[PDB]
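Just the one chain here, laid out as structure tokens, in the form deposited in one PDB entry.
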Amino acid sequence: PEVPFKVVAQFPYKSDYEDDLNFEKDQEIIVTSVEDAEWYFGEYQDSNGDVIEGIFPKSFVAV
């Protein structure tokens, strides 16, 4: 799927890491890059309106 594209959190990703983008279930993200075969890089507008970005596994979302 040509970058960028849209994905939906199948499951909640949560971690202690800064580079990581964490999200809840159902969260619509925009993938602006494929890091490696297991990881994406995208973003979304959180509750408070701030953009938050970072990496997160492909298996946690569906295109």
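All residue numbers are counted from 1 along the displayed sequence.
We do not show the form deposited with a partner chain bound, though everything after this point is about it.
Participant: Would you classify residue 57 as touching the partner chain in the entry with it bound, given a 4.5 Å non-hydrogen atom cut-off?
Facilitator: Because a heavy atom of residue 57 falls inside 4.5 Å of the partner chain in the entry with it bound, the answer is yes.
Participant: Would residue 53 show up as a contact with the partner chain in the entry with it bound if we use heavy atoms at 4.5 Å?
Facilitator: Heavy-atom contact with the partner chain at 4.5 Å: absent for residue 53.
Participant: With the partner left out of view, is residue 46 within 4.5 angstroms of the partner chain in the entry with it bound by any non-hydrogen atom?
Facilitator: No, residue 46 stays farther than 4.5 Å from the partner chain in the entry with it bound.
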